[PDB]
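What the coordinates show
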Amino acid sequence: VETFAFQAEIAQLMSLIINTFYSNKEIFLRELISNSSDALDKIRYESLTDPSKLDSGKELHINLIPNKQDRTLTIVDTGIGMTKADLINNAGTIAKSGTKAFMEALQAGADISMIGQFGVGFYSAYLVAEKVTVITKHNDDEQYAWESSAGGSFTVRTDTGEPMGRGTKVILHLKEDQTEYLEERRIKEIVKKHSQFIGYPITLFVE
Amino acid sequence: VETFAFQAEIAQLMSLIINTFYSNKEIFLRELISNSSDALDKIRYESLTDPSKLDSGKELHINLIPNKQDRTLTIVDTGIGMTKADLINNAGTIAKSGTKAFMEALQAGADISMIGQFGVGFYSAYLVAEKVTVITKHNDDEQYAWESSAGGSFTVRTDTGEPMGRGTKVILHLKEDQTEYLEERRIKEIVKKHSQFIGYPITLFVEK
């Protein structure tokens, strides 16, 4: 298990997301589904010139998996996935400018719901999750598990458990008071409200 | 000059964009600036592992160039650009599956303004333009010019004209009744409304 420090600005944004009073927490789902949609666009585009890129799975979809026993909400996509380098480097220098701009926007009166306009929508997961695990598989690399309970660090390890073929699984280990996001009617409402017209099928799993 | 036929679905999308009554045409600028921003993110991401990727130009910006004499609005970016193969792939879009999903969404009550969510935002240019010319230069290919007045075809040719170093120029040949998009105050209003949080400087050029 390798341990890494978040880029300073990402650590600052994470503490802002965890500590700022903001009731409209439900936007985390919109942001994650948006990232899933973008990753799906990427593999679909690559497959136009090289169809073998879909040998790891032809279905391009998003699955929402609530689990009340584990207190987890999992967002699965069969997108392009991330290599070990992207998985690490995403929390590095690339995200510095967008994070810096977002925190400046917030100081100027912008809303936390605008996070996605700064390319850092992923960190909205910390509005509802105490810990986030990212399982990912890109065609050019092995399966890796990224994990962080914030605190300025994250870990990356090889994931040998259950191979996924290709894509990303975002496992949200929900805060004790955020279990409404495990309720079928609540998830349906949020999807209809914020992600009604996504370019890929969204399947809400039953418990 | 090579001439290509659009696939049936992308042809149907362009025809819908041209013929459907939809007054909120100004979203074309948000969509093009969004594509420019994404192309700029791509080159900036690649510049970190390989700094030589910026030898073709270090400045990362978006320029809006109205020209009332030519009746054109040009959107210039110093993004990653597009290869010839990208241009032939419906100007780097997931046009086939994107159109299919977008058409299905429109039938389910979605608005034309949601086009960009389907990876076909570029074709919103046809809300205001009778013809679109795309001049592009990717680090891994030569400079090319893509062009289409819709009508089921597009052309791709090598562009030996003024080099751009790296990036994309989208030249909108405006419809006769869409000249408001050449007005300084109109462009400023649209940029403020739909693109205030763009991560790259947007420069609106002055005329005369």
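Quick notes on the rules
- All residue numbers are counted from 1 along each chain's written sequence and may depart from the entry's numbering; residues that have no coordinates are not represented.
- Written order decides the labels, with chains lettered from A and ligands numbered from 1.
- Each side-chain value is worked out from all heavy atoms of the structure, with water and hydrogens disregarded.
- Secondary structure is summarised from DSSP: a helix means a run of H or I of at least four residues, a strand means a run of E of at least two, and numbering begins at the N terminus for each.
- The atom set for the radius of gyration is the C-alpha atoms, and the globule formula is 2.2 Å times the number of residues raised to the power 0.38.
- Each residue's exposure class comes from its accessible area (1.4 Å probe, protein chains only) as a fraction of the maximum for that residue type: buried when under 20%, exposed when over 50%, partly exposed otherwise.
- What makes two residues a contact is simply this: any of their non-hydrogen atoms within 4.5 Å.
- Only the protein chains shown count as cover for residues, and all accessible areas are computed by the Shrake-Rupley method using a 1.4 Å probe.
- What gets called buried area is simply the loss in accessible area from a 1.4 Å probe that two parts show on being joined, summed for both.
- Basic side-chain nitrogens of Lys or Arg form a salt bridge, by our definition, when they fall within 4 Å of a carboxyl oxygen of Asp or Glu.
- Residue classes follow a fixed rule: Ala, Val, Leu, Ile, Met, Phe, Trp, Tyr, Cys and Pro count as nonpolar, while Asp, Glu, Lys and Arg count as charged, and any other residue, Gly among them, counts as polar.
- The pairing criterion is simple: DSSP has to find at least two bridges between the two strands.

Looking at the PDB entry, one finds chain B named Heat shock protein HSP 90-alpha and attributed to Homo sapiens.

In the nomenclature of the PDB entry, chain A corresponds to Heat shock protein HSP 90-alpha from the organism Homo sapiens.

1. Some points on the overall build of chain B
Of the regular secondary structure elements, chain B holds five helices and eight strands. In chain B, the order of α-helices and β-strands from amino to carboxyl end is β-α-α-β-β-α-α-β-β-β-β-α-β. The globule rule puts the C-alpha radius of gyration for 208 residues at 17 Å, and the 16 Å found for chain B is close to it. Its C-alpha atoms put chain B at 45 × 35 × 30 Å along the principal axes. Here chain B holds 208 residues, and 50% of them are scored as buried. Of the contacts made within chain B by residues no fewer than 6 positions apart, 73% connect residues no fewer than 24 positions apart. Summing over all exposed atoms, chain B offers an accessible surface of approximately 10,000 Å²; the carbon and sulfur share of this is 47%.

2. Quick look at the interface of chain A and chain B
In this complex, chain A contributes 20 residues to the contact, which on the side of chain B involves 18 residues. For the pair chain A and chain B, the summed buried surface comes to about 1,600 Å²; carbon and sulfur atoms form 62% of the total. Contact with chain B buries area across many residues of chain A, yet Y45, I94 and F197 of chain A alone supply 41% of it, more than any other trio. Taken together, the connections running from chain A to chain B amount to zero salt bridges. Looking at the side of chain A that touches chain B, the elements with two or more residues in it are helix 2 (27–47), helix 3 (84–89) and helix 4 (96–107) of chain A. In terms of residue count, the dominant contributor to the side of chain A that touches chain B is helix 2 of chain A (three residues). For the side of chain A that touches chain B, a count of residues per class yields ten nonpolar, seven polar and three charged.

3. Some remarks on the pairing of strand 7 (residues 167–174) of chain B
Residues and elements named next belong to chain B. Among the eight residues in strand 7, seven count as buried, and that is most of the element. One ladder, built from six bridges, connects strand 3 (residues 72–77) with strand 7; its direction is antiparallel. Pairing of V76 across the sheet is with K169, part of strand 7. Alignment of strand 4 (residues 129–137) against strand 7, held across eight bridges, turns out to be antiparallel. Opposite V132, over in strand 7, you have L172 as the bridge partner.

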